[PDB]
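Asks: The following block contains the structure, expressed as structure tokens.
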Amino acid sequence: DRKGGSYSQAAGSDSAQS
Amino acid sequence: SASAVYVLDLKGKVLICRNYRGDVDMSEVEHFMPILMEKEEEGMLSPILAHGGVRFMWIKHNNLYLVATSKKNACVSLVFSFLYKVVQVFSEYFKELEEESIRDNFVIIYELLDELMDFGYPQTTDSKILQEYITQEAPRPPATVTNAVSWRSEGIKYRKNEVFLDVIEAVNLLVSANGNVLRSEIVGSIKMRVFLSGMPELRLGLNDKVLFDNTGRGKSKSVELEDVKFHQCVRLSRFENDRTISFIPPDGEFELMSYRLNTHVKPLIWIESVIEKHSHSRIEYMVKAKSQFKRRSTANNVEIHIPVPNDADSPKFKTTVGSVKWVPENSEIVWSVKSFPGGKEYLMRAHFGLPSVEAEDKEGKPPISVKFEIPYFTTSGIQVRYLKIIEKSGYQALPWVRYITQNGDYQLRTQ
Amino acid sequence: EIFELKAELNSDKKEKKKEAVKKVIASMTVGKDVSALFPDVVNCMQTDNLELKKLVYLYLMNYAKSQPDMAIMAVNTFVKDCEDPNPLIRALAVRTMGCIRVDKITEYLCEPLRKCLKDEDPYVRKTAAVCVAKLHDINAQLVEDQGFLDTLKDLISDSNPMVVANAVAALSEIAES
Amino acid sequence: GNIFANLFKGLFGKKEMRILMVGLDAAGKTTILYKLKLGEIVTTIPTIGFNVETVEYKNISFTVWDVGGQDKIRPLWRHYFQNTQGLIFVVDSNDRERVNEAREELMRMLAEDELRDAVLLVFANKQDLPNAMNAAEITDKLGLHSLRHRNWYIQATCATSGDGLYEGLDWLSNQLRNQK
Ligand SMILES: Nc1nc2c(ncn2[C@@H]2O[C@H](COP(=O)(O)OP(=O)(O)OP(=O)(O)O)[C@@H](O)[C@H]2O)c(=O)[nH]1
Ligand SMILES: [Mg+2]
């Protein structure tokens, strides 16, 4: 863990915008 | 249009100088120190000095003044940018900013200064490029600088493609002594530590209010940043055309975007201070802090600095939660809290004596500021949509990012 | 001290020459008038080491105005270095040529400036533009005689966009002056 | 003290020696140096400064410092005379007008107390045209036989051909090296 907010996985783009 | 840029010391001795144009004699640096002393003593001291017809702009560094003498009316903003770039390059190459490293890496320092700018025109500004061409422990110049893509060095190979993002939030609240907050601005910071193989072209996507309105999805929580500044690698053409954040990420940690917009929400911490100071008899510190943030968020390492009297002594603290320590150097009491859960209410009651002899002159009323930092909290509600990582070879990236909320200019005017 | 430094500089040991150069730079950086040793360092100038060449060029630039008469023994070295295959060496030589405030020194460097005007390296092109701008600032009549205005104008209409920007800045400075 | 390391170094060759390049401008100094070091006649511009090079022959690295014959470079030979073990003079047998100037310069240079341990090394340059003198007429005109306490040898070398360089190098090695 790490203070200041744990790292989270990020997507590649908005899948709902086509 | 600075004639020459030099690095000085606190005693007036120049740590290092590098002439670029030669239109100003090197002996003018000696008169800079007396001029600075006179200006400080007379209140006329300014970063842009002027020795007759030659201006010696100086910037206060960690240990020395970065004096950049100039002769004509050159670009002052350009000179400041060059000085900032030089400071950043020195910080990257040298981990310490003091006289110890100035006299320890002079052999490489001279080469770096020569390569940085010539004839008053800066030429090299990439710290990685400078390290790939100038080292303290030479080959031909890299082709990345000659090529257009100077923010992503080609040929980088990594075992894994991991990017460490950081959603840094700065909450600045200017609360007047009357209880009304005047300056309430929140500045975002999208800094990513990209460490992958090659030079992937980042395709940034977030829940922006402008982007949602353009795409017709302007109905959810979209962050409308008043000021958004792209990084060096960010392509401004795509952003101007359709807000397309397409750019080559740098090799390492860099700030791609930095949101900056006003805040119209209630403060995360509501602090009520009481000054029950007797007339040279005793002092009362009725400090009450209310956490206006969500209860699910905890403020780690909360340090609410309450300025105590300059001549106050023998203080007694009557608080409920959080350690209170009076720092003689700081001349104030800091309400240190390890973890501050949202909605927490801390009450403090200070009591200390005062000297019998009255003070000769007043000391002013510095504002009270807190050092709260609660991560994993997105007050602005801006959610990143996706990060378009595109590679010609083709690889599966696993980027990571963390949202950190801290207290910036959260200063409350004293009563 | 001075005699020992001169003896070390007059030796055939590369490590000793490097140590003497470092000591001279430290004395020069510390505030020691090392201009009297410039003629001694003139002989120990043509060196294969890139670090030594940079230090020698810096000393010559800092000892050029002090000893303009003694600076006449560096034209051959500059001419030889102007054809160095390494782009960094060529850029350093171009920077040193324009940094020498010698009235009779820039006259012999006109041919190297013309040769380096068409440098293919964008860094080389930027260095050539900077040297041309420095020569024009030092001698506007010399720059006009050399006819670098035509080359400078066509520089913006070339590749190496950073080199194009450097040439544009040089042309603006020439027109500004 | 022990000299075992010195003997081991000298068993396979340790002596290097030194050499200097003197003569009038356009007298084959640069071309002669290029032929000695590389082996080809490479065109060179005027010797504004100086040319420094090292030649390894017979296990001896004889460094050569080319010196121009220009008016502004003629008085600069005094600086190059320091830390120099050998000296080579380049004459122009086809330049009758410049012959007197070269002789005067050689007499002035040889009249220096510092330049006393260096043996005479005169090369008959421009030995490709009929106007070039022989190895005795040039020496007689320059008065090489009047140099008391000077070991000078007359050698004629053609810049285009390069003949005589090996003989001159062998003579210089014999004069300098007094070993087997
Ligand atoms: N082609 C040719 N040139 C010769 C010959 N002998 C002497 N030279 C001269 O040697 C010169 C070579 O020029 P450089 O390489 O610069 O050497 P240098 O004679 O010392 O001239 P500087 O460097 O200017 O002092 C030519 O200009 C010729 O005039 C010869 O036999 N053939
Ligand atoms: Mg020559």
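Residue numbering restarts at 1 in every chain; chains get A, B, ... in the order shown in the structure tokens, and ligands count up from 1 in that same order.
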Could you list, as an MDAnalysis selection string, all the residues within 12 Å of ligand 2, counting only C-alpha atoms and all ligand atoms?
Replies: (chainID C and resid 76) or (chainID D and resid 21:35 41:52 65:70 73 90 159)
Asks: Residues of region 66-193 of chain B in helix (DSSP H, G or I) according to DSSP, as a count of residues only?
Replies: 44
Asks: Any idea which chain B residues end up within 8 Å of chain C if we count only C-alpha atoms, as a list in words please?
Replies: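 So the contacting residues turn out to be residues 15, 16, 20, 21, 22, 107, 111, 118, 119, 121, 138, 139, 140, 141, 146, 147 and 148 of chain B.
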Asks: Report, in Å with one decimal, the straight-line distance from CA of residue 61 (chain D) to CA of residue 17 (chain D).
Replies: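 It comes out at 6.3 Å.
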Asks: Got a sec to pull out which chain C residues are within 12 Å of chain D, counting only C-alpha atoms, and send them as a VMD selection string?
Replies: chain C and resid 6 to 12 39 to 48 69 to 81 105 108 to 109 111
Asks: Pull out every residue of chain B that has at least one atom within 6 Å of chain A, counting only C-alpha atoms, and report them as JSON, numbers by chain.
Replies: {"B": [205, 375, 376, 385, 386, 387, 388, 399, 400, 401, 402, 403, 404]}
Asks: Write out as number ranges by chain which residues come within 12 Å of residue 154 (chain C) when counting only C-alpha atoms, dropping same-chain ones fewer than 6 positions away.
Replies: C: 117-118, 125, 129, 148, 163-164, 167-168, 171
Asks: Print the selection's residues with C-alpha atoms to a file, as a PDB file, in the first residue's frame.
Replies:
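The file below, result06.pdb, is the result:
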```
ATOM      1  CA  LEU C 117      26.849  26.900 -43.037  1.00  0.00           C
ATOM      2  CA  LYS C 118      25.546  23.871 -44.969  1.00  0.00           C
ATOM      3  CA  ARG C 125      23.225  23.915 -38.404  1.00  0.00           C
ATOM      4  CA  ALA C 129      23.818  29.928 -37.245  1.00  0.00           C
ATOM      5  CA  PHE C 148      25.622  34.903 -44.731  1.00  0.00           C
ATOM      6  CA  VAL C 163      17.780  24.666 -36.337  1.00  0.00           C
ATOM      7  CA  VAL C 164      15.238  26.673 -38.340  1.00  0.00           C
ATOM      8  CA  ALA C 167      18.386  30.608 -37.634  1.00  0.00           C
ATOM      9  CA  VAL C 168      15.183  32.662 -37.373  1.00  0.00           C
ATOM     10  CA  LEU C 171      18.151  36.628 -38.377  1.00  0.00           C
TER      11      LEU C 171
END
```
Asks: Run DSSP on the backbone and grab whatever in chain D lands in strand (DSSP E or B); send it over as an MDAnalysis selection string.
Replies: chainID D and resid 18 21:23 50:57 60:67 88:92 120:125 152:156
Asks: Can you write just those residues out, N, CA and C atoms, as a CSV table (one decimal), in the first residue's frame?
Replies:
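Result written to out.csv:
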```
chain,number,residue,atom,x,y,z
D,18,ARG,N,62.3,12.3,-30.3
D,18,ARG,CA,61.5,13.5,-30.6
D,18,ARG,C,62.0,14.1,-31.9
D,21,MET,N,59.5,20.1,-36.9
D,21,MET,CA,59.3,20.4,-38.3
D,21,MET,C,59.5,21.9,-38.5
D,22,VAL,N,60.5,22.3,-39.2
D,22,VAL,CA,60.8,23.7,-39.5
D,22,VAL,C,61.1,23.9,-40.9
D,23,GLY,N,60.9,25.1,-41.4
D,23,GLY,CA,61.1,25.4,-42.8
D,23,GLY,C,60.1,26.5,-43.2
D,50,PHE,N,49.9,25.3,-36.2
D,50,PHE,CA,50.9,24.3,-36.2
D,50,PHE,C,50.2,22.9,-36.3
D,51,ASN,N,51.0,21.9,-36.8
D,51,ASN,CA,50.6,20.6,-37.0
D,51,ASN,C,51.4,19.7,-36.1
D,52,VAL,N,50.7,18.8,-35.3
D,52,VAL,CA,51.4,17.9,-34.3
D,52,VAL,C,51.0,16.5,-34.7
D,53,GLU,N,52.0,15.6,-34.8
D,53,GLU,CA,51.8,14.2,-35.1
D,53,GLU,C,53.0,13.4,-34.6
D,54,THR,N,52.7,12.1,-34.5
D,54,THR,CA,53.7,11.2,-34.1
D,54,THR,C,53.9,10.1,-35.1
D,55,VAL,N,55.2,9.7,-35.3
D,55,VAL,CA,55.6,8.7,-36.3
D,55,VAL,C,56.3,7.6,-35.6
D,56,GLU,N,55.9,6.4,-35.8
D,56,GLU,CA,56.5,5.2,-35.1
D,56,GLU,C,57.3,4.5,-36.2
D,57,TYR,N,58.6,4.3,-36.0
D,57,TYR,CA,59.4,3.6,-37.0
D,57,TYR,C,60.6,3.0,-36.2
D,60,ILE,N,60.5,3.2,-32.5
D,60,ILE,CA,60.7,4.5,-31.9
D,60,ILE,C,59.6,5.5,-32.3
D,61,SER,N,58.8,6.1,-31.4
D,61,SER,CA,57.7,7.0,-31.7
D,61,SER,C,58.3,8.4,-31.7
D,62,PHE,N,58.7,8.9,-32.9
D,62,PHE,CA,59.3,10.2,-33.0
D,62,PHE,C,58.1,11.2,-33.4
D,63,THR,N,57.7,12.0,-32.4
D,63,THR,CA,56.7,13.0,-32.6
D,63,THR,C,57.2,14.1,-33.4
D,64,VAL,N,56.4,14.5,-34.4
D,64,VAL,CA,56.7,15.6,-35.3
D,64,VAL,C,55.8,16.8,-35.1
D,65,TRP,N,56.4,18.0,-34.9
D,65,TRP,CA,55.6,19.2,-34.7
D,65,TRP,C,55.9,20.1,-35.9
D,66,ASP,N,54.9,20.2,-36.8
D,66,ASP,CA,55.1,21.0,-38.0
D,66,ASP,C,55.0,22.5,-37.6
D,67,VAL,N,55.9,23.3,-38.2
D,67,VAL,CA,56.0,24.7,-37.9
D,67,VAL,C,56.0,25.5,-39.2
D,88,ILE,N,63.8,19.2,-37.8
D,88,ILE,CA,63.9,19.0,-39.3
D,88,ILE,C,63.7,20.3,-40.0
D,89,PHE,N,64.6,20.6,-40.9
D,89,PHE,CA,64.5,21.9,-41.7
D,89,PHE,C,64.1,21.5,-43.1
D,90,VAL,N,63.1,22.2,-43.6
D,90,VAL,CA,62.6,22.0,-44.9
D,90,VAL,C,63.0,23.2,-45.8
D,91,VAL,N,63.8,23.0,-46.8
D,91,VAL,CA,64.3,24.0,-47.7
D,91,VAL,C,63.6,23.9,-49.0
D,92,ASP,N,63.7,25.0,-49.8
D,92,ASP,CA,63.1,25.1,-51.1
D,92,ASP,C,64.2,25.4,-52.1
D,120,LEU,N,71.5,18.7,-36.6
D,120,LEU,CA,71.0,19.3,-37.8
D,120,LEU,C,70.3,18.3,-38.6
D,121,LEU,N,69.1,18.7,-39.1
D,121,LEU,CA,68.3,17.9,-40.0
D,121,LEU,C,67.7,18.8,-41.1
D,122,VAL,N,68.4,18.8,-42.2
D,122,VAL,CA,68.0,19.6,-43.4
D,122,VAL,C,67.5,18.7,-44.5
D,123,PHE,N,66.3,18.9,-45.0
D,123,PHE,CA,65.8,18.1,-46.1
D,123,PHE,C,65.7,19.0,-47.3
D,124,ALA,N,66.2,18.5,-48.4
D,124,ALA,CA,66.2,19.2,-49.7
D,124,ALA,C,64.8,19.0,-50.3
D,125,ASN,N,63.9,19.9,-49.9
D,125,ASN,CA,62.5,19.8,-50.4
D,125,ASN,C,62.4,20.4,-51.8
D,152,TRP,N,74.9,17.8,-38.8
D,152,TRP,CA,73.9,18.0,-39.9
D,152,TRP,C,74.1,17.1,-41.1
D,153,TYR,N,73.1,16.5,-41.7
D,153,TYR,CA,73.2,15.7,-42.8
D,153,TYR,C,72.3,16.2,-43.9
D,154,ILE,N,72.8,16.3,-45.2
D,154,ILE,CA,72.0,16.8,-46.3
D,154,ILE,C,71.3,15.6,-47.0
D,155,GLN,N,70.0,15.7,-47.1
D,155,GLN,CA,69.2,14.7,-47.7
D,155,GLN,C,68.2,15.5,-48.7
D,156,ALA,N,68.1,14.9,-49.9
D,156,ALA,CA,67.2,15.5,-50.9
D,156,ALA,C,65.9,14.6,-51.0
```
Asks: Show which residues sit within 12 Å of residue 88 (chain B), as a ChimeraX atom specification. Count only C-alpha atoms, and ignore same-chain residues fewer than 4 positions away.
Replies: /B:61,81-84,92-97,125-128,130
Asks: Take the residues from that selection and write them out as an mmCIF file, in the first residue's frame, keeping N, CA, C and O atoms.
Replies:
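And here is the file that came out, out26.cif:
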```cif
data_model
loop_
_atom_site.group_PDB
_atom_site.id
_atom_site.type_symbol
_atom_site.label_atom_id
_atom_site.label_comp_id
_atom_site.auth_asym_id
_atom_site.auth_seq_id
_atom_site.Cartn_x
_atom_site.Cartn_y
_atom_site.Cartn_z
ATOM 1 N N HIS B 61 18.223 30.995 -5.080
ATOM 2 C CA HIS B 61 18.226 29.544 -5.159
ATOM 3 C C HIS B 61 18.261 28.952 -3.752
ATOM 4 O O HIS B 61 18.124 29.660 -2.750
ATOM 5 N N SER B 81 12.688 31.737 -17.922
ATOM 6 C CA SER B 81 12.467 30.354 -18.330
ATOM 7 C C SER B 81 13.782 29.596 -18.439
ATOM 8 O O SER B 81 13.873 28.433 -18.028
ATOM 9 N N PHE B 82 14.813 30.237 -18.993
ATOM 10 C CA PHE B 82 16.121 29.597 -19.081
ATOM 11 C C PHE B 82 16.689 29.315 -17.696
ATOM 12 O O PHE B 82 17.266 28.248 -17.460
ATOM 13 N N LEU B 83 16.534 30.261 -16.767
ATOM 14 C CA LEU B 83 17.017 30.047 -15.407
ATOM 15 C C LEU B 83 16.275 28.902 -14.730
ATOM 16 O O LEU B 83 16.885 28.076 -14.041
ATOM 17 N N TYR B 84 14.955 28.835 -14.916
ATOM 18 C CA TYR B 84 14.180 27.743 -14.334
ATOM 19 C C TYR B 84 14.585 26.401 -14.929
ATOM 20 O O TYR B 84 14.695 25.401 -14.210
ATOM 21 N N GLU B 92 18.021 17.709 -11.369
ATOM 22 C CA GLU B 92 18.005 16.353 -11.908
ATOM 23 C C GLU B 92 19.390 15.720 -11.846
ATOM 24 O O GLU B 92 19.539 14.570 -11.417
ATOM 25 N N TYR B 93 20.419 16.459 -12.267
ATOM 26 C CA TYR B 93 21.770 15.908 -12.274
ATOM 27 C C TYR B 93 22.345 15.819 -10.866
ATOM 28 O O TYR B 93 22.956 14.807 -10.503
ATOM 29 N N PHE B 94 22.159 16.860 -10.060
ATOM 30 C CA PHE B 94 22.689 16.916 -8.703
ATOM 31 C C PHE B 94 21.524 16.854 -7.724
ATOM 32 O O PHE B 94 20.624 17.699 -7.770
ATOM 33 N N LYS B 95 21.554 15.862 -6.830
ATOM 34 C CA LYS B 95 20.468 15.680 -5.875
ATOM 35 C C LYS B 95 20.444 16.752 -4.793
ATOM 36 O O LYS B 95 19.427 16.894 -4.105
ATOM 37 N N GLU B 96 21.527 17.505 -4.625
ATOM 38 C CA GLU B 96 21.619 18.529 -3.594
ATOM 39 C C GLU B 96 21.851 19.887 -4.240
ATOM 40 O O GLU B 96 22.613 20.006 -5.205
ATOM 41 N N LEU B 97 21.191 20.908 -3.702
ATOM 42 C CA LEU B 97 21.305 22.282 -4.187
ATOM 43 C C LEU B 97 22.030 23.078 -3.105
ATOM 44 O O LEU B 97 21.407 23.695 -2.239
ATOM 45 N N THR B 125 17.404 21.729 -23.670
ATOM 46 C CA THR B 125 16.509 21.836 -22.527
ATOM 47 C C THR B 125 16.021 20.496 -21.997
ATOM 48 O O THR B 125 15.271 20.481 -21.015
ATOM 49 N N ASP B 126 16.415 19.379 -22.602
ATOM 50 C CA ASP B 126 15.986 18.061 -22.146
ATOM 51 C C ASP B 126 17.014 17.528 -21.155
ATOM 52 O O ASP B 126 18.189 17.358 -21.499
ATOM 53 N N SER B 127 16.574 17.269 -19.921
ATOM 54 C CA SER B 127 17.476 16.717 -18.915
ATOM 55 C C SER B 127 17.964 15.330 -19.312
ATOM 56 O O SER B 127 19.151 15.016 -19.169
ATOM 57 N N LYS B 128 17.060 14.482 -19.809
ATOM 58 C CA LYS B 128 17.471 13.164 -20.282
ATOM 59 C C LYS B 128 18.415 13.276 -21.473
ATOM 60 O O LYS B 128 19.405 12.540 -21.559
ATOM 61 N N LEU B 130 20.382 15.843 -22.142
ATOM 62 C CA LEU B 130 21.647 16.344 -21.612
ATOM 63 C C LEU B 130 22.453 15.244 -20.933
ATOM 64 O O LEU B 130 23.672 15.169 -21.120
#
```
Asks: At what distance in Å, to one decimal, does CA of residue 116 (chain B) lie from CA of residue 33 (chain C)?
Replies: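 Rounded to one decimal, the two atoms are 26.0 Å apart.
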Asks: Could you please determine the separation between CA of residue 56 (chain B) and CA of residue 23 (chain B) in Å, to one decimal place?
Replies: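 Distance between the two atoms: 12.7 Å.
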Asks: Using only C-alpha atoms, determine which residues lie at most 8 Å from region 268-279 of chain B, disregarding the query and same-chain residues fewer than 2 positions distant; provide the list as a VMD selection string.
Replies: chain B and resid 266 281 to 293 415
Asks: What does the file look like for those residues with N, CA and C atoms, as a JSON list (two decimals), in the first residue's frame?
Replies:
```
[["chain", "number", "residue", "atom", "x", "y", "z"],
["B", 266, "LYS", "N", -18.13, 23.57, -0.21],
["B", 266, "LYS", "CA", -17.77, 23.90, 1.16],
["B", 266, "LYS", "C", -16.37, 23.38, 1.48],
["B", 281, "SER", "N", -1.42, 39.12, 30.52],
["B", 281, "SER", "CA", -1.68, 38.23, 31.63],
["B", 281, "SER", "C", -1.74, 36.76, 31.22],
["B", 282, "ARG", "N", -2.57, 36.42, 30.24],
["B", 282, "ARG", "CA", -2.71, 35.04, 29.81],
["B", 282, "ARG", "C", -3.21, 35.04, 28.37],
["B", 283, "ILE", "N", -3.20, 33.86, 27.76],
["B", 283, "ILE", "CA", -3.63, 33.69, 26.38],
["B", 283, "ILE", "C", -4.53, 32.48, 26.30],
["B", 284, "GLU", "N", -5.62, 32.61, 25.54],
["B", 284, "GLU", "CA", -6.59, 31.54, 25.35],
["B", 284, "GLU", "C", -6.64, 31.17, 23.87],
["B", 285, "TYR", "N", -6.58, 29.87, 23.60],
["B", 285, "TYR", "CA", -6.60, 29.34, 22.24],
["B", 285, "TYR", "C", -7.81, 28.41, 22.11],
["B", 286, "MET", "N", -8.96, 28.99, 21.76],
["B", 286, "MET", "CA", -10.18, 28.22, 21.56],
["B", 286, "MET", "C", -10.26, 27.77, 20.10],
["B", 287, "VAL", "N", -9.53, 26.70, 19.81],
["B", 287, "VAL", "CA", -9.44, 26.16, 18.46],
["B", 287, "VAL", "C", -10.40, 24.99, 18.33],
["B", 288, "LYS", "N", -11.34, 25.09, 17.39],
["B", 288, "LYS", "CA", -12.28, 24.02, 17.09],
["B", 288, "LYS", "C", -12.22, 23.73, 15.60],
["B", 289, "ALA", "N", -11.97, 22.48, 15.25],
["B", 289, "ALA", "CA", -11.83, 22.05, 13.86],
["B", 289, "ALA", "C", -12.94, 21.06, 13.54],
["B", 290, "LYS", "N", -13.67, 21.33, 12.46],
["B", 290, "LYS", "CA", -14.73, 20.45, 11.98],
["B", 290, "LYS", "C", -14.37, 19.96, 10.59],
["B", 291, "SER", "N", -14.47, 18.65, 10.39],
["B", 291, "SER", "CA", -14.13, 18.03, 9.11],
["B", 291, "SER", "C", -15.37, 18.07, 8.22],
["B", 292, "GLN", "N", -15.35, 18.94, 7.21],
["B", 292, "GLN", "CA", -16.46, 19.05, 6.27],
["B", 292, "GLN", "C", -16.38, 18.03, 5.13],
["B", 293, "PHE", "N", -15.30, 17.26, 5.05],
["B", 293, "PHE", "CA", -15.17, 16.26, 4.01],
["B", 293, "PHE", "C", -16.02, 15.03, 4.35],
["B", 415, "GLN", "N", -7.86, 36.49, 13.48],
["B", 415, "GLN", "CA", -8.79, 37.48, 14.04],
["B", 415, "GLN", "C", -8.03, 38.69, 14.55]]
```
Asks: Please provide as a list in words all residues within 12 Å of residue 150 (chain D), with the sequence filter that same-chain residues fewer than 3 positions apart are discarded (counting only C-alpha atoms).
Replies: residues 87, 110, 111, 115, 116, 117, 118, 119, 120, 121, 122, 143, 144, 145, 146, 147, 153 and 175 of chain D
